[PDB]
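Each answer follows from the model by the rule given with it, or from the source it names; none is laboratory data. So basically every Cβ, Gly included, is an ideal-geometry build from the backbone, and we count neighbours across all protein chains shown.
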Amino acid sequence: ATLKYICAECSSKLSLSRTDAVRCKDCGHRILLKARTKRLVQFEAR
Amino acid sequence: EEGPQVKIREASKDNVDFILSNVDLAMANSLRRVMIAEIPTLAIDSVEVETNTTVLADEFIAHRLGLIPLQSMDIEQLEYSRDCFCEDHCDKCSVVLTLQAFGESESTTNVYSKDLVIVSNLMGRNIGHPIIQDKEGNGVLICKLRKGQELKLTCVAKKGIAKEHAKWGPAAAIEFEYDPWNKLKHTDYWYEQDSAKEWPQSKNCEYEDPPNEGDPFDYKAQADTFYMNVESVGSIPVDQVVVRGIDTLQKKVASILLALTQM
Amino acid sequence: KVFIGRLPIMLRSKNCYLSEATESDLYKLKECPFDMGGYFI
Amino acid sequence: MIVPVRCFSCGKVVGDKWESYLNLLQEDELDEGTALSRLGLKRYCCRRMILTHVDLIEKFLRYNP
Ligand SMILES: [Zn+2]
Ligand SMILES: [Zn+2]
Ligand SMILES: [Zn+2]
């Protein structure tokens, strides 16, 4: 269902805009990870 | 049948200890090289990654995937994607497989080649089936998953040769020896006190007659009688590695006579 | 009482939270159990 | 990280012998040399592959995320 960001610890898929600072829900981890892409990557098997 | 002559000693699904005789060292070698580098095979040569929360990197995993030996019995009934007239890959030139794994249990979940699943149409040719030789039908250990981690990949096997990448090699090693009794004097034994006492006598010294003390050097003897042993990796029956070795070498020279021709 | 300045703490010294941490306490904390710690951050 | 799939030098498949090797040691109380020979690793190039590997993944799996 989409997710622009993740949380450094609770893994809970966050996702907010501006003026939202940087915190998760209950896990005030001011960290947050950017979440992978859907544009699947191809790899040489070499 | 007049000419090169095979004389098998051991034989199994993995090795083929034999004795080539009545041939040029050059031919024993070219054949020896061909088996190592130019026998066609199928192998994963493209991995699309949907999900990898594993502890490894995509290219890291992908690299291993390619090293996983795949069924290449009817490899000739498959074409090189570069020759094929499709756009990229198709059933006429490629085998598609899938890998989906999830860390369900709390105990470490292992991912093996057996967990690979063919998704394309093999059209009746024995090809792409991940080789398995272990005593538990598991295959190669591709990765390990902790509870919660996931791995969703999509591979694409293609025909190739060792010259392009060692993953496409059907051979594992190739023992090769001649003149076990240093009679042609091709090598000069290094020693501290005694050549003979310091150098281990080889297997094949039994299959030959030790030179006699007073015989003058035989200067016209050439090199025939080569003791080989081929170890297959599984993607192909041992007997085949050899046979097709001779085959490809044969087609090679053929491609040349045909060059002078249409020249 | 009175607050007076801040003192940077050497990892794994009596003051640090890792000094008394078990192996698993270290993993959950994302700190390699192989780390020695005679430094500051 | 994990058992290399093959012997760097010859190509021998080795990534399918790690667990067996581990058992040959624990549950059978054998020695590494005797253990390795029973798995078929006869030439030292292949022997070193297994005898020298370090399974650091079993430590990576211990981190939560
Ligand atoms: Zn949080
Ligand atoms: Zn095609
Ligand atoms: Zn080896």
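Does B:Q5 satisfy the condition of being in the same structural domain as B:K252 (by CATH) and of a type in the set (S, T, N, Q)? Don't jump to the end; show me each part of the working.
Details: in the same structural domain as B:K252 (by CATH): yes; of a type in the set (S, T, N, Q): yes.
So B:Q5 fits the description; yes.
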* When the residues of region D:12-27 are filtered to those that are under 11 Å from the mean Cα position of the chain (by Cα), within 16 Å of ligand 3 (Cβ to nearest atom) and of a type outside the set (A, V, I, L, M), which remaining residue is nearest to B:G139 (Cα to Cα)? -> D:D16
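For region D:25-65, give me the residue count where each residue is outside any helix (DSSP H, G or I) and either loosely packed, with under 13 Cβ neighbours inside 10 Å or without any contact (Cβ under 8 Å) to a residue 40 or more places away in the chain (or both). So that I can check it myself, show each step before the final result.
Just the residues of region D:25-65 that are outside any helix (DSSP H, G or I), to begin with: D:26-31, D:39-43, D:53-56, D:61-65.
Among the residues that remain, those that are also either loosely packed, with under 13 Cβ neighbours inside 10 Å or without any contact (Cβ under 8 Å) to a residue 40 or more places away in the chain (or both) are: D:26-31, D:39-43, D:54, D:56, D:61-65.
Number of matching residues: 18.
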* Asked: Of the residues B:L122, B:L70, which is away from every other protein chain (no Cβ under 11 Å) and surrounded by 22 or more Cβ atoms within 10 Å (Cβ to Cβ)?
  -> B:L70
* Could you grab me the full set of residues in region A:35-45 that are facing chain B (nearest Cβ under 7 Å) and surrounded by 14 or more Cβ atoms within 10 Å (Cβ to Cβ)? => A:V41, A:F43, A:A45
* Considering only residues of region A:6-34 that are within 14 Å of chain D (Cβ to nearest Cβ) and among the hydroxyl-bearing types (S, T, Y), which is nearest to ligand 2 (Cβ to nearest atom)? -> A:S11
* To do: Go through region B:64-102 and give me each residue that's within 16 Å of A:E44 (Cβ to Cβ) and in a helix (DSSP H, G or I).
  => B:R64, B:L65, B:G66, B:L67
* Name the single residue, out of those in region B:186-239 being hydrophobic (A, V, I, L, M, F, W, C) and part of a loop (DSSP other than H, G, I, E, B), that is farthest from B:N22 (Cα to Cα). => B:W190
* Structure fact -> Inside region B:149-176, the number of residues satisfying the requirement of being free of Cβ contacts under 8 Å to residues at least 60 places away in the same chain and more than 10 Å from chain D (Cβ to nearest Cβ) is 1
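Does B:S12 satisfy the criteria of being of a type in the set (S, T, Y), on the phi < 0 side of the Ramachandran plot, in a loop (DSSP other than H, G, I, E, B) and in the same structural domain as B:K251 (by CATH)?
Numbers: of a type in the set (S, T, Y): yes; on the phi < 0 side of the Ramachandran plot: yes; in a loop (DSSP other than H, G, I, E, B): yes; in the same structural domain as B:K251 (by CATH): yes.
Yes, satisfied.
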* Asked: So B:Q100 fits all but one of (1) under 25 Å from the mean Cα position of the chain (by Cα); (2) under 26 Å from B:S81 (Cβ atoms); what number is the exception?
  -> (1)
* To do: Examine region D:16-24 for a residue that is within 29 Å of B:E106 (Cβ to Cβ), touching a residue at least 24 places away in the same chain (Cβ under 8 Å) and part of a loop (DSSP other than H, G, I, E, B), and state whether such a residue exists.
  => yes
* Asked: Taking the condition within 14 Å of chain A (Cβ to nearest Cβ) and not aromatic (F, W, Y), does B:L25 pass?
  -> no
* Structure fact -> Exception for B:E104 within (1) of a type in the set (D, E, K, R); (2) closer than 30 Å to D:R62 by Cα; (3) within 12 Å of another protein chain (Cβ to nearest Cβ) falls at (3)
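In region D:8-23, what residues are more than 8 Å from chain B (Cβ to nearest Cβ) and buried (at least 20 other Cβ atoms within 10 Å of the Cβ)? Walk me through how you get there before you give the answer.
Applying the first criterion (more than 8 Å from chain B (Cβ to nearest Cβ)) to region D:8-23 yields D:8-9, D:14, D:21-23.
Within region D:8-23, D:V14, D:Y21 qualify.
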